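Trainee: First, the structure itself, so that you have it in front of you.
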Amino acid sequence: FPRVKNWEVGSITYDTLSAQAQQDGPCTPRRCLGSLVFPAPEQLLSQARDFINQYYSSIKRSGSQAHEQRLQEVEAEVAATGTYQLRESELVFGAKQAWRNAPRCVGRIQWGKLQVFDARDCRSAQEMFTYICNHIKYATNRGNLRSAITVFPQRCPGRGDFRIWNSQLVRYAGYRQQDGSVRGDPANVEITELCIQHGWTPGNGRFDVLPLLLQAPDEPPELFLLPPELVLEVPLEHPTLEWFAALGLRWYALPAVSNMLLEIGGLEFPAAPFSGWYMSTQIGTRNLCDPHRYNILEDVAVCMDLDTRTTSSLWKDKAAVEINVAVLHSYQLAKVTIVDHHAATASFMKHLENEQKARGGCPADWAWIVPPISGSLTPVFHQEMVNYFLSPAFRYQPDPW
Amino acid sequence: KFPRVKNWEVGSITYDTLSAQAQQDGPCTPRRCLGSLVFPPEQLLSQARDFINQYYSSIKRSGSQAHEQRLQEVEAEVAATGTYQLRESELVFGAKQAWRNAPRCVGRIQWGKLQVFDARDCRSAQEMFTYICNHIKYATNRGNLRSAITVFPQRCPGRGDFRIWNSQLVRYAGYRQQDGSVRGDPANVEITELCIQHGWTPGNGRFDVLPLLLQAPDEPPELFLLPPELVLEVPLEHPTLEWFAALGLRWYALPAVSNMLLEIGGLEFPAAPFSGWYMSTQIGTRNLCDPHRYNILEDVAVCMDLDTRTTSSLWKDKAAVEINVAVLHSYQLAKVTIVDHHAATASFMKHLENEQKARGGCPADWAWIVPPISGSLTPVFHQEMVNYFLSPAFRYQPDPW
Ligand code: HEM
Ligand code: HEM
Ligand SMILES: C[C@H](O)[C@H](O)[C@H]1CNc2nc(N)[nH]c(=O)c2N1
Ligand SMILES: C[C@H](O)[C@H](O)[C@H]1CNc2nc(N)[nH]c(=O)c2N1
Ligand SMILES: [Cl-]
Ligand SMILES: [Cl-]
Ligand SMILES: [Gd]
Ligand SMILES: [Gd]
Ligand SMILES: [Gd]
Ligand SMILES: [Zn+2]
């Protein structure tokens, strides 16, 4: 049982939950690969049985008649059909637990407050589109964002998967350029190229919202345009740098990850988009300042009249701080939910304490929890963490193309 | 079986083939990653043959006259006496390798330039003091810092060891009060308590340089007042915030780690103080702003008239950047070598590239290479890394009590 120290306070805890880690990660006693971004009815029965056990523990009915009856129903369904169906309440519990178990999520204090939309009866790409529009609308809630997930039908033998080809429901186009550069978000070049290939007439601005490419089973993807009035956006200004508005920068309200696989009790849902609300460093530091994204840092630091010829002036650090101030202020001004990296990491420390009492530990990926500016200024930096895989889970999956 | 390692800024891929040599098994398993934790008789001949082979490979002299001969005498030495003495050049070559293998050192671009002071003929805390005093004055060099390591006698069975009871050669005192809390450095409250207990006059200051506690084999320690003209210190001022100097802050010139255990070819040196020069975040962000260190962050924000009532003003981030600006400006004005975190991480990326060609990879600890401020603004944030233990190495060791 790993002992875990907080260095700011001196406290010490042991992670007993890690002992229950189901799947395996990329590290060995030889070598740690923690910093890497990307690390049969009987085994289906085994995962199912474990999840049903989890479910009946949560409702204080472990070992009950209804518990044994459900184990039997699942075994019989897996024997007759090679798969099984989740009850509605098992689905809700399973989606919340997947969030709870996500080691790279700093927002998990909120895990119990999740709106689960059961789209497991979805029939086509066209119905998928309507469900997704309802998700964006409910989650955005006119700027008072609400956490939600929409669960589309599970993977099942004899039929292809539902897939959302887009990595998030709202993303900006990235157009490869005349002179080899990228106009717009360079992270989205490939999906942008796929949209045009599938009939989209491109724009040529830097913040053009992409269409949705939605795949129903055994069907090519289908293009759907998001209704403009469903996509709430925030123009970026700075509270005291008035030329900052003239950069023409914007970002969208809703972060809705749409390319990850939800696993519950051995069942796999390849289409199950989820959304919370932004932490300011995602927009301010990563999306805008990463050299391979919008890469605005030097341009802002010149406008700030910082001395960009020497690194020891800390011009990068000064420009980045003001970009993050601009993001926070603009979202507050527009009345769109946002959390700064200090508030978020402080709430995550409370989550770690809740989870130590409840489950004896908490899976956490230190390199993802610690914000990408002002790391040691936040309490998570001084907190040792144990990273491991629990199920239910959100997993990465390969791109459909 | 050779980890694929990606840089996400550029898209470039390499394979760490050097990882195949990792000896001292780390703390990670396929079940859980512990990469964020701070602290995780003729076996001597095996690590001797291994290290000697390392020596002769490095000079294009494997499988040649001189190579065999040195294999024999270490075998004879350990047969006749149970251990062996290192050749002068091997001690030099081993010191540089243990540096080059330190996964947590961002400074390793400098690893080939190292001055090795051979103190193996030492005996007693009076001799130690002069050797340490030679090191300090040499390494400081009037502020033109030079990397240096002083190797005190190797450990042998049946007789006590050489140890420096201080974690560094220059540390500041930490004094409790009528209420537990500390004037001075809270990281050194313990050794301050030991020094005062061992016959030292406590100061009344937040920046009193502690005395050395030097221990010869099987004998108690002895206190040694460090020659004040040998302890180069830098008063901290800001280039434009005129009141910053009035805060009365200072830091010392020389970072001289004196509690680690140099291990070469199976031999163990529990007293082998090494020293390089500071990266400015070490002082300005960790030493001054950590909540459990000098904890000055809010005092500086009051002085800057920042709104400390809301976390979303990023008042912590702004105060922190200016504290780091003051450190860099102050050391440069005093003409004491120092490197900012942008220049240091840039040079590390160059080191990674060099080590890729030279040895097929480099052991790096992502959580320690990435600076404690502005992490994703430096190139190392976007570089995946493999951590593993190679020998020769610096290792941690328990306090001598
Ligand atoms: C309520 C507010 C929420 C906040 C503030 C938040 C915060 C974050 C942040 C900052 C990241 C790192 C993302 C990145 O750097 O790309 C992250 C990752 C993640 N979050 Fe949360 N999150 C929230 C809600 C949710 C919800 C509702 C779910 C699912 C039900 C979820 C599941 C995940 C997962 C699976 C990841 C890993 C995704 C990846 O590796 O790219 N989060 N979260
Ligand atoms: C010359 C310029 C150097 C720079 C700029 C530099 C920078 C750093 C930094 C910032 C750390 C992190 C330590 C911490 O956060 O407490 C570190 C760790 C370390 N360095 Fe270097 N260093 C230098 C020279 C050296 C030398 C000369 C040696 C040994 C010969 C060395 C070996 C190590 C070791 C063993 C650690 C790990 C210390 C620990 O875990 O407590 N470095 N270095
Ligand atoms: C190489 C490194 O793993 C990579 O840059 C990671 C580091 N930490 C991160 N942390 C978060 N929250 N999001 C990220 O995309 C990353 N990227
Ligand atoms: C908990 C965590 O491992 C701890 O705070 C580490 C993180 N990374 C670090 N990195 C460096 N260079 N120095 C440190 O002291 C630490 N502290
Ligand atoms: Cl995003
Ligand atoms: Cl230090
Ligand atoms: Gd202004
Ligand atoms: Gd411009
Ligand atoms: Gd004033
Ligand atoms: Zn690991």
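Chain identifiers are assigned as A, B, and so on, following the order in which chains appear in the structure tokens; residues are numbered from 1 within each chain, and ligands are numbered from 1 in order of appearance.
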Find the residues in chain A near chain B: any atom within 7 Å counts, using only C-alpha atoms. Write them as a PyMOL selection string.

Mentor: chain A and resi 8+18+21+24-36+291-292+311-314+317-318+321+325+328+340+342-343+366-367+372-376+384-388

Trainee: For ligand 7, return the neighbouring residues as a list in words (distance at most 7 Å; only C-alpha atoms and all ligand atoms).

Mentor: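 Written in the requested form, the residues are residues 240, 241 and 242 of chain A.
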
Trainee: Where in segment 10-96 of chain A does DSSP assign helix (DSSP H, G or I), given as a compact mmCIF listing (two decimals) with N, CA and C atoms, in the first residue's frame?

Mentor:
# COMPACT_ATOMS: atom_id res chain seq x y z
N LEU A 17 -7.05 1.90 -2.28
CA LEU A 17 -7.87 1.71 -3.48
C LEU A 17 -7.03 1.25 -4.67
N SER A 18 -5.78 1.70 -4.76
CA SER A 18 -4.91 1.28 -5.86
C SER A 18 -4.77 -0.24 -5.93
N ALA A 19 -4.86 -0.92 -4.79
CA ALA A 19 -4.76 -2.38 -4.79
C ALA A 19 -5.84 -3.02 -5.66
N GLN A 20 -6.97 -2.34 -5.84
CA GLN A 20 -8.07 -2.84 -6.67
C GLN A 20 -7.94 -2.45 -8.13
N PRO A 41 -16.80 -14.42 -23.71
CA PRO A 41 -17.86 -14.14 -22.73
C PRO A 41 -17.40 -14.16 -21.29
N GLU A 42 -16.31 -14.87 -20.98
CA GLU A 42 -15.92 -15.07 -19.59
C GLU A 42 -15.37 -13.79 -18.97
N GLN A 43 -14.52 -13.08 -19.71
CA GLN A 43 -13.97 -11.82 -19.23
C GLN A 43 -15.00 -10.70 -19.29
N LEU A 44 -15.98 -10.80 -20.19
CA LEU A 44 -17.12 -9.89 -20.13
C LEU A 44 -17.93 -10.13 -18.86
N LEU A 45 -18.19 -11.40 -18.53
CA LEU A 45 -18.86 -11.73 -17.28
C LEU A 45 -18.14 -11.14 -16.08
N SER A 46 -16.80 -11.23 -16.08
CA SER A 46 -16.02 -10.83 -14.92
C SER A 46 -16.14 -9.33 -14.68
N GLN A 47 -16.04 -8.53 -15.74
CA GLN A 47 -16.19 -7.08 -15.61
C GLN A 47 -17.60 -6.72 -15.17
N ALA A 48 -18.61 -7.31 -15.82
CA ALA A 48 -20.00 -7.09 -15.44
C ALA A 48 -20.22 -7.39 -13.96
N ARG A 49 -19.75 -8.56 -13.52
CA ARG A 49 -19.96 -8.98 -12.14
C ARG A 49 -19.36 -7.96 -11.17
N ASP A 50 -18.17 -7.46 -11.49
CA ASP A 50 -17.55 -6.45 -10.64
C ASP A 50 -18.38 -5.17 -10.60
N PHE A 51 -18.89 -4.73 -11.75
CA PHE A 51 -19.67 -3.49 -11.77
C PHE A 51 -20.98 -3.65 -11.01
N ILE A 52 -21.71 -4.74 -11.27
CA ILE A 52 -22.94 -5.00 -10.52
C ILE A 52 -22.65 -4.98 -9.03
N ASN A 53 -21.52 -5.59 -8.61
CA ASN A 53 -21.09 -5.50 -7.22
C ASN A 53 -20.90 -4.05 -6.79
N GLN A 54 -20.27 -3.23 -7.64
CA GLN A 54 -20.13 -1.82 -7.32
C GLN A 54 -21.49 -1.16 -7.19
N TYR A 55 -22.39 -1.45 -8.12
CA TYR A 55 -23.69 -0.80 -8.07
C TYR A 55 -24.42 -1.15 -6.77
N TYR A 56 -24.46 -2.43 -6.42
CA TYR A 56 -25.24 -2.78 -5.25
C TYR A 56 -24.58 -2.33 -3.94
N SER A 57 -23.26 -2.17 -3.92
CA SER A 57 -22.65 -1.49 -2.78
C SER A 57 -23.15 -0.06 -2.64
N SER A 58 -23.29 0.65 -3.76
CA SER A 58 -23.64 2.07 -3.70
C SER A 58 -25.05 2.31 -3.16
N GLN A 65 -31.02 -10.17 -2.07
CA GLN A 65 -31.73 -10.95 -3.07
C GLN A 65 -31.67 -10.28 -4.43
N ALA A 66 -31.92 -8.97 -4.48
CA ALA A 66 -31.91 -8.26 -5.75
C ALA A 66 -30.52 -8.24 -6.37
N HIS A 67 -29.47 -8.29 -5.53
CA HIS A 67 -28.10 -8.34 -6.03
C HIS A 67 -27.81 -9.67 -6.71
N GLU A 68 -28.10 -10.79 -6.03
CA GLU A 68 -27.86 -12.10 -6.62
C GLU A 68 -28.74 -12.31 -7.85
N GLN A 69 -29.98 -11.81 -7.80
CA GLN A 69 -30.88 -11.93 -8.94
C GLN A 69 -30.30 -11.22 -10.16
N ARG A 70 -29.67 -10.06 -9.94
CA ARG A 70 -29.13 -9.31 -11.07
C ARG A 70 -27.90 -9.99 -11.65
N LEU A 71 -26.99 -10.47 -10.80
CA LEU A 71 -25.88 -11.28 -11.28
C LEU A 71 -26.37 -12.42 -12.16
N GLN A 72 -27.43 -13.11 -11.73
CA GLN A 72 -27.96 -14.23 -12.49
C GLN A 72 -28.54 -13.78 -13.83
N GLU A 73 -29.31 -12.69 -13.82
CA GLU A 73 -29.85 -12.14 -15.06
C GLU A 73 -28.75 -11.81 -16.07
N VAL A 74 -27.64 -11.25 -15.60
CA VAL A 74 -26.57 -10.86 -16.52
C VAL A 74 -25.88 -12.09 -17.09
N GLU A 75 -25.55 -13.05 -16.24
CA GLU A 75 -24.97 -14.30 -16.72
C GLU A 75 -25.87 -14.97 -17.75
N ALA A 76 -27.18 -14.97 -17.51
CA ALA A 76 -28.10 -15.61 -18.45
C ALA A 76 -28.19 -14.82 -19.75
N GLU A 77 -28.15 -13.50 -19.66
CA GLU A 77 -28.21 -12.70 -20.87
C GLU A 77 -26.93 -12.83 -21.68
N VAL A 78 -25.78 -12.88 -21.01
CA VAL A 78 -24.53 -13.05 -21.73
C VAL A 78 -24.49 -14.43 -22.40
N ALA A 79 -25.09 -15.44 -21.77
CA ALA A 79 -25.14 -16.77 -22.39
C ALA A 79 -26.08 -16.80 -23.59
N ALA A 80 -27.24 -16.15 -23.50
CA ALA A 80 -28.20 -16.19 -24.60
C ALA A 80 -27.83 -15.24 -25.74
N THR A 81 -27.19 -14.10 -25.45
CA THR A 81 -26.95 -13.09 -26.46
C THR A 81 -25.50 -12.64 -26.59
N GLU A 88 -31.47 1.53 -16.39
CA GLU A 88 -31.29 2.98 -16.44
C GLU A 88 -30.48 3.50 -15.24
N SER A 89 -30.81 3.04 -14.03
CA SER A 89 -30.08 3.52 -12.85
C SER A 89 -28.65 3.01 -12.81
N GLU A 90 -28.40 1.83 -13.37
CA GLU A 90 -27.03 1.35 -13.46
C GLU A 90 -26.22 2.21 -14.41
N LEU A 91 -26.84 2.65 -15.51
CA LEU A 91 -26.17 3.54 -16.45
C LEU A 91 -25.77 4.86 -15.78
N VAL A 92 -26.70 5.49 -15.06
CA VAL A 92 -26.41 6.76 -14.38
C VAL A 92 -25.25 6.60 -13.40
N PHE A 93 -25.34 5.59 -12.54
CA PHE A 93 -24.26 5.29 -11.61
C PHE A 93 -22.94 5.06 -12.35
N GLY A 94 -22.99 4.32 -13.45
CA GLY A 94 -21.78 3.99 -14.19
C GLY A 94 -21.11 5.20 -14.83
N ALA A 95 -21.91 6.14 -15.35
CA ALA A 95 -21.35 7.35 -15.96
C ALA A 95 -20.70 8.26 -14.91
N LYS A 96 -21.37 8.43 -13.76
CA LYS A 96 -20.78 9.17 -12.65
C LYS A 96 -19.49 8.53 -12.16

Trainee: Quick one: DSSP strand (DSSP E or B) residues in segment 156-237 of chain A, as a VMD selection string?

Mentor: chain A and resid 163 to 164 168 172 174 to 176 182 to 184 209 212 to 215 222 to 224 233 to 235

Trainee: Could you take the residues named above and write them with N, CA, C and O atoms, as a short mmCIF file (atom, residue, chain, number, x, y, z; two decimals), in the first residue's frame?

Mentor:
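Wrote it out as result-v5.cif, contents follow:
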data_model
loop_
_atom_site.label_atom_id
_atom_site.label_comp_id
_atom_site.auth_asym_id
_atom_site.auth_seq_id
_atom_site.Cartn_x
_atom_site.Cartn_y
_atom_site.Cartn_z
N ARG A 163 -20.26 6.71 -33.81
CA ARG A 163 -19.06 7.50 -33.55
C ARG A 163 -19.35 8.96 -33.87
O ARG A 163 -20.02 9.26 -34.86
N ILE A 164 -18.85 9.84 -33.00
CA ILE A 164 -18.71 11.27 -33.26
C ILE A 164 -17.28 11.49 -33.75
O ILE A 164 -16.33 11.31 -32.99
N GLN A 168 -14.25 17.39 -30.04
CA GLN A 168 -15.19 18.06 -29.15
C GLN A 168 -16.39 18.51 -29.96
O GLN A 168 -16.29 18.75 -31.16
N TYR A 172 -12.89 24.88 -33.40
CA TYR A 172 -12.64 25.82 -34.49
C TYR A 172 -11.84 25.17 -35.61
O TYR A 172 -10.91 24.40 -35.35
N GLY A 174 -9.23 24.59 -38.66
CA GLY A 174 -7.85 24.89 -38.92
C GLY A 174 -7.56 24.65 -40.38
O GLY A 174 -7.63 23.51 -40.84
N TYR A 175 -7.28 25.72 -41.12
CA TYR A 175 -7.07 25.66 -42.56
C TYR A 175 -5.57 25.71 -42.85
O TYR A 175 -4.92 26.73 -42.58
N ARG A 176 -5.04 24.63 -43.41
CA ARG A 176 -3.69 24.66 -43.97
C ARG A 176 -3.60 25.77 -45.00
O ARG A 176 -4.54 26.03 -45.75
N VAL A 182 -0.99 27.58 -40.78
CA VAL A 182 -2.36 27.22 -40.45
C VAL A 182 -3.09 28.48 -40.04
O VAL A 182 -2.56 29.28 -39.26
N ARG A 183 -4.29 28.68 -40.58
CA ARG A 183 -5.18 29.75 -40.17
C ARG A 183 -6.27 29.14 -39.30
O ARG A 183 -6.98 28.23 -39.74
N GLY A 184 -6.39 29.63 -38.06
CA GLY A 184 -7.28 29.00 -37.11
C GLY A 184 -6.54 28.05 -36.19
O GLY A 184 -5.33 28.19 -36.00
N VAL A 209 -16.55 27.87 -36.38
CA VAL A 209 -17.01 26.68 -35.68
C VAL A 209 -17.18 25.54 -36.67
O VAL A 209 -17.78 25.71 -37.74
N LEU A 212 -20.51 19.08 -37.41
CA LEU A 212 -20.40 17.73 -36.87
C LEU A 212 -20.38 16.68 -37.97
O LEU A 212 -21.15 16.74 -38.93
N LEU A 213 -19.47 15.71 -37.82
CA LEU A 213 -19.42 14.50 -38.64
C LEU A 213 -19.87 13.37 -37.75
O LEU A 213 -19.15 12.99 -36.83
N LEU A 214 -21.05 12.83 -38.02
CA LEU A 214 -21.65 11.82 -37.15
C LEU A 214 -21.84 10.52 -37.92
O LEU A 214 -22.32 10.52 -39.05
N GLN A 215 -21.42 9.42 -37.30
CA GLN A 215 -21.44 8.11 -37.92
C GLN A 215 -22.41 7.24 -37.13
O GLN A 215 -22.25 7.05 -35.92
N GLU A 222 -21.95 11.56 -41.58
CA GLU A 222 -22.87 12.53 -42.14
C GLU A 222 -22.58 13.90 -41.54
O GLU A 222 -22.36 14.02 -40.33
N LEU A 223 -22.58 14.92 -42.39
CA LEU A 223 -22.28 16.29 -41.99
C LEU A 223 -23.52 16.97 -41.42
O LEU A 223 -24.59 16.89 -42.01
N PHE A 224 -23.37 17.62 -40.28
CA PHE A 224 -24.45 18.42 -39.70
C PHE A 224 -23.90 19.75 -39.22
O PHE A 224 -22.93 19.78 -38.46
N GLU A 233 -20.48 31.90 -27.55
CA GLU A 233 -19.06 32.25 -27.64
C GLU A 233 -18.77 33.49 -26.80
O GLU A 233 -19.66 34.28 -26.49
N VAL A 234 -17.49 33.66 -26.44
CA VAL A 234 -17.06 34.76 -25.58
C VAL A 234 -15.95 35.53 -26.30
O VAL A 234 -14.86 34.98 -26.50
N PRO A 235 -16.21 36.75 -26.75
CA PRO A 235 -15.11 37.59 -27.23
C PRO A 235 -14.18 37.91 -26.07
O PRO A 235 -14.62 38.11 -24.94
#

Trainee: Show me, as number ranges by chain, the residues that have an atom within 6 Å of residue 258 of chain B when counting only C-alpha atoms, minus same-chain residues fewer than 3 positions from it.

Mentor: B: 167-168, 273

Trainee: Can you work out which one of A:60, A:113, A:108, A:309 has the shortest atom-to-atom distance to residue 364 of chain A, counting only C-alpha atoms?

Mentor: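 Counting only C-alpha atoms, the residue closest to residue 364 of chain A is A:108.
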
Trainee: Do you know which residues are at most 10 Å from residue 289 of chain A counting only C-alpha atoms, after dropping those on the same chain fewer than 5 positions away, and could you put them as number ranges by chain?

Mentor: A: 281-284, 294-298, 300, 316, 319-320, 323-324; B: 376-377

Trainee: What are the closest atom pairs, with distances in Å to one decimal, for all residues of chain B lying within 10 Å of ligand 9? Consider only C-alpha atoms and all ligand atoms, order rows by chain and residue number, and present the result as a Markdown table.

Mentor:
| residue | atom | partner | partner_atom_place_in_ligand_line | distance |
| --- | --- | --- | --- | --- |
| B:243 | CA | ligand 9 | 1 (Gd) | 9.2 |
| B:302 | CA | ligand 9 | 1 (Gd) | 9.1 |
| B:303 | CA | ligand 9 | 1 (Gd) | 6.9 |
| B:304 | CA | ligand 9 | 1 (Gd) | 8.1 |
| B:305 | CA | ligand 9 | 1 (Gd) | 7.4 |

Trainee: With only C-alpha atoms and all ligand atoms counted, collect every polymer residue having an atom within 12 Å of ligand 5; state the result as number ranges by chain.

Mentor: A: 167-172, 185, 187-188, 251-258, 275-288, 293

Trainee: Output the selection as a PDB file, in the first residue's frame - C-alpha atoms for each residue.

Mentor:
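Output saved as selection.pdb:
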ATOM      1  CA  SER A 167     -12.884  15.517 -30.846  1.00  0.00           C
ATOM      2  CA  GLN A 168     -15.189  18.055 -29.146  1.00  0.00           C
ATOM      3  CA  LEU A 169     -18.740  19.093 -30.034  1.00  0.00           C
ATOM      4  CA  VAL A 170     -17.531  22.683 -30.503  1.00  0.00           C
ATOM      5  CA  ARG A 171     -14.152  23.190 -32.205  1.00  0.00           C
ATOM      6  CA  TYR A 172     -12.642  25.815 -34.491  1.00  0.00           C
ATOM      7  CA  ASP A 185      -6.679  26.169 -34.646  1.00  0.00           C
ATOM      8  CA  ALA A 187      -5.027  21.063 -33.588  1.00  0.00           C
ATOM      9  CA  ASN A 188      -8.045  20.683 -35.925  1.00  0.00           C
ATOM     10  CA  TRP A 251     -13.444  31.146 -27.349  1.00  0.00           C
ATOM     11  CA  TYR A 252     -16.537  28.967 -26.930  1.00  0.00           C
ATOM     12  CA  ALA A 253     -18.410  28.431 -23.668  1.00  0.00           C
ATOM     13  CA  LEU A 254     -18.862  24.653 -23.720  1.00  0.00           C
ATOM     14  CA  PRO A 255     -16.010  22.145 -23.556  1.00  0.00           C
ATOM     15  CA  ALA A 256     -17.689  18.911 -24.742  1.00  0.00           C
ATOM     16  CA  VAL A 257     -15.285  16.023 -25.296  1.00  0.00           C
ATOM     17  CA  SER A 258     -16.828  13.719 -27.879  1.00  0.00           C
ATOM     18  CA  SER A 275     -19.125  18.371 -20.890  1.00  0.00           C
ATOM     19  CA  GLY A 276     -18.425  20.371 -17.746  1.00  0.00           C
ATOM     20  CA  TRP A 277     -17.045  23.904 -17.875  1.00  0.00           C
ATOM     21  CA  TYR A 278     -13.637  25.386 -18.597  1.00  0.00           C
ATOM     22  CA  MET A 279     -10.766  25.938 -16.267  1.00  0.00           C
ATOM     23  CA  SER A 280      -9.175  29.199 -17.392  1.00  0.00           C
ATOM     24  CA  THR A 281      -5.722  27.735 -18.094  1.00  0.00           C
ATOM     25  CA  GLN A 282      -7.150  25.418 -20.768  1.00  0.00           C
ATOM     26  CA  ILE A 283      -8.061  28.455 -22.880  1.00  0.00           C
ATOM     27  CA  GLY A 284      -5.525  31.000 -21.673  1.00  0.00           C
ATOM     28  CA  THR A 285      -2.376  28.938 -21.400  1.00  0.00           C
ATOM     29  CA  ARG A 286      -2.815  25.875 -23.620  1.00  0.00           C
ATOM     30  CA  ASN A 287      -5.214  26.773 -26.423  1.00  0.00           C
ATOM     31  CA  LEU A 288      -3.868  30.298 -26.949  1.00  0.00           C
ATOM     32  CA  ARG A 293      -1.906  26.116 -31.228  1.00  0.00           C
TER      33      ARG A 293
END

Trainee: Against ligand 2, which residues of chain B fall within 6 Å? For each one I want the closest pair of atoms and the distance in Å (one decimal), counting only C-alpha atoms and all ligand atoms, rows by chain and increasing residue number, as a Markdown table.

Mentor:
| residue | atom | partner | partner_atom_place_in_ligand_line | distance |
| --- | --- | --- | --- | --- |
| B:99 | CA | ligand 2 | 29 (C) | 4.7 |
| B:102 | CA | ligand 2 | 35 (C) | 5.2 |
| B:104 | CA | ligand 2 | 37 (C) | 5.1 |
| B:105 | CA | ligand 2 | 43 (N) | 3.9 |
| B:106 | CA | ligand 2 | 7 (C) | 5.1 |
| B:107 | CA | ligand 2 | 4 (C) | 3.9 |
| B:110 | CA | ligand 2 | 1 (C) | 5.9 |
| B:147 | CA | ligand 2 | 27 (C) | 4.7 |
| B:148 | CA | ligand 2 | 27 (C) | 6.0 |
| B:149 | CA | ligand 2 | 30 (C) | 5.9 |
| B:274 | CA | ligand 2 | 30 (C) | 4.9 |
| B:275 | CA | ligand 2 | 27 (C) | 4.7 |
| B:276 | CA | ligand 2 | 1 (C) | 3.6 |
| B:277 | CA | ligand 2 | 2 (C) | 4.5 |
| B:278 | CA | ligand 2 | 5 (C) | 5.2 |
| B:279 | CA | ligand 2 | 5 (C) | 4.9 |
| B:282 | CA | ligand 2 | 10 (C) | 6.0 |
| B:394 | CA | ligand 2 | 35 (C) | 5.1 |

Trainee: Take the residues that were just selected and, keeping C-alpha atoms, output them as a compact mmCIF listing (two decimals), in the first residue's frame.

Mentor:
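See out.txt below for the written result:
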# COMPACT_ATOMS: atom_id res chain seq x y z
CA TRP B 99 25.58 13.75 -12.78
CA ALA B 102 20.49 12.26 -12.46
CA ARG B 104 15.80 15.16 -11.84
CA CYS B 105 18.61 17.49 -13.03
CA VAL B 106 17.60 20.02 -15.69
CA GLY B 107 21.20 21.28 -15.73
CA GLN B 110 26.90 21.04 -18.37
CA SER B 147 30.54 23.19 -10.94
CA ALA B 148 32.47 21.19 -8.36
CA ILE B 149 32.19 17.99 -6.33
CA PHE B 274 28.33 18.70 -5.31
CA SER B 275 27.45 22.19 -6.48
CA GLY B 276 26.58 23.99 -9.69
CA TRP B 277 24.59 27.19 -9.96
CA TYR B 278 21.01 28.20 -9.34
CA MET B 279 18.09 28.15 -11.70
CA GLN B 282 14.58 27.35 -7.23
CA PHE B 394 23.51 10.09 -6.81

Trainee: Residues within 7 Å of ligand 6, counting only C-alpha atoms and all ligand atoms: report them as a PDB file with N, CA and C atoms, in the first residue's frame.

Mentor:
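Writing the result to selection13.pdb gives the following:
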ATOM      1  N   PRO B 255      24.527  26.799  -4.521  1.00  0.00           N
ATOM      2  CA  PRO B 255      23.714  25.650  -4.114  1.00  0.00           C
ATOM      3  C   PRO B 255      24.580  24.404  -4.035  1.00  0.00           C
ATOM      4  N   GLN B 282      14.232  27.996  -8.497  1.00  0.00           N
ATOM      5  CA  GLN B 282      14.577  27.352  -7.229  1.00  0.00           C
ATOM      6  C   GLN B 282      14.465  28.337  -6.068  1.00  0.00           C
ATOM      7  N   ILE B 283      14.998  29.543  -6.260  1.00  0.00           N
ATOM      8  CA  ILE B 283      14.993  30.558  -5.213  1.00  0.00           C
ATOM      9  C   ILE B 283      13.660  31.292  -5.177  1.00  0.00           C
ATOM     10  N   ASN B 287      11.857  28.439  -2.907  1.00  0.00           N
ATOM     11  CA  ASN B 287      12.441  28.825  -1.620  1.00  0.00           C
ATOM     12  C   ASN B 287      11.679  29.975  -0.965  1.00  0.00           C
TER      13      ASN B 287
END

Trainee: Got a sec to check which residues lie within 8 Å of ligand 1, using only C-alpha atoms and all ligand atoms, and send them as a PyMOL selection string?

Mentor: chain A and resi 37+95-96+98-99+102-108+110-111+114+146-149+257+260+274-279+281-282+286+338-339+344+368-369+371+393-396

Trainee: How would you write, as number ranges by chain, the set of residues no farther than 10 Å from ligand 8 when counting only C-alpha atoms and all ligand atoms?

Mentor: A: 246-247, 299-300, 302-303

Trainee: At a cut-off of 7 Å, can you tabulate as JSON lines every residue of chain A near ligand 4 together with its closest atom pair and the distance in Å to one decimal, using only C-alpha atoms and all ligand atoms and ordering rows by chain then number?

Mentor:
{"residue": "A:6", "atom": "CA", "partner": "ligand 4", "partner_atom_place_in_ligand_line": "1 (C)", "distance": 6.8}
{"residue": "A:7", "atom": "CA", "partner": "ligand 4", "partner_atom_place_in_ligand_line": "5 (O)", "distance": 6.5}
{"residue": "A:381", "atom": "CA", "partner": "ligand 4", "partner_atom_place_in_ligand_line": "5 (O)", "distance": 5.0}
{"residue": "A:382", "atom": "CA", "partner": "ligand 4", "partner_atom_place_in_ligand_line": "5 (O)", "distance": 3.6}
{"residue": "A:383", "atom": "CA", "partner": "ligand 4", "partner_atom_place_in_ligand_line": "1 (C)", "distance": 4.2}
{"residue": "A:384", "atom": "CA", "partner": "ligand 4", "partner_atom_place_in_ligand_line": "1 (C)", "distance": 3.9}

Trainee: For residue 266 of chain B, which residue out of B:125, B:393, B:183, B:69 is the nearest one, using only C-alpha atoms?

Mentor: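 Counting only C-alpha atoms, the residue closest to residue 266 of chain B is B:393.
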